[PDB]
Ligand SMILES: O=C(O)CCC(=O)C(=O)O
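Presented as structure tokens, the chain that follows is alone, the form solved without the named molecule.
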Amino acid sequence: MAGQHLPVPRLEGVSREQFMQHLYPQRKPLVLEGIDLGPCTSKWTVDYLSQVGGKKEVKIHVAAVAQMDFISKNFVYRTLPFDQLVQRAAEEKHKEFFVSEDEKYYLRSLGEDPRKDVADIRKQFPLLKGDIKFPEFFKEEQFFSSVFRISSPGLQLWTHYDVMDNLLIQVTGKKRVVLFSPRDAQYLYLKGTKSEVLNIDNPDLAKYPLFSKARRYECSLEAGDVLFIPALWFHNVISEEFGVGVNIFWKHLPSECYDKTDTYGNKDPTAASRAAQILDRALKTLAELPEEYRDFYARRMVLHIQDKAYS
């Protein structure tokens, strides 16, 4: 079981009700084939996205290296006009560039003022929103954000997770995506919503021994493919080609539970974040009992938590 490699189930012809009432409550990743996405899927050539989306300047990642690394931040931020960015991500070599002729590009769309606006494709790319029919797989009152996702081929984003449920729509290009159950957290060596294990295919088990028990689900997304990701599910994407992605986040929970400053979808539901503050407190009172004693009692706690609150 541990360290296994599963396929993410692929279903074609899934209905609204069957997704919403049968597949969704199942809380597992799943890919849907053949959904009517709108013509976006035959229109969004690079020439078109440049023309139609053009020149709305966006915040962008530039990396001189396929495997992007936040532990060493080996990439830099920059801005670019939408068309430019597109044209650049579809390239392999670059005449003009921010760091090297082979640097790779990564757009994760953001609301006009990232401080108070979630990203909304409808709001910020009105024409482009035109070509794409969001699958109606969730109550509208729970909509949260809609995000563009365009990357150079060979670009490896790192393993993270979000607090919202999420429909990732591969419109153009092939995407590889491996996923980890939320319960695989212990194995993932996380700093925040990120994992330190960059090379998942060929892991340095000297530094990340526990990564071994990690049971990975894998899937590759062709154009037209849609993938559902339950909240808290870890995921790692690699643009195998050039492609254009749109994701839709939405609330699985009462809007009341979420943190309102969070426009990205990382921040922990208030209850959890509060809990974490409480905990940091205990870790402090206990803290300056001698290490010997702290330790014994940290261990009691952990076992206790595992028993009252694990399921």
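Numbering starts at 1 and follows the sequence shown.
The discussion below concerns the form solved in complex with the named molecule, not included here.
Within 2.4 Å of any backbone or C-beta atom of the shown chain, none of the atoms of the named molecule lands once it is superimposed from its position in the entry with it bound; the pocket counts as open. The partner is absent here, but in the entry with it bound a heavy atom of 166, alone among 109, 145, 172, 166, sits within 4.5 Å of the named molecule. The listed set 90, 132, 188, 237 contains one residue whose heavy atoms approach the named molecule in the entry with it bound to within 4.5 Å, identified as 237. The candidate site formed by 157, 160 and 247 is fully in contact with the named molecule in the entry with it bound, as each residue has a non-hydrogen atom within 4.5 angstroms of it.
Figure note: of the listed segments 59 to 67, 247 to 255, 275 to 283, 30 to 38, the one touching the named molecule in the entry with it bound, with heavy atoms no more than 4.5 Å away, is 247 to 255. Although the partner is absent here, residue 149 sits close enough that one of its heavy atoms falls within 4.5 Å of the named molecule in the entry with it bound.
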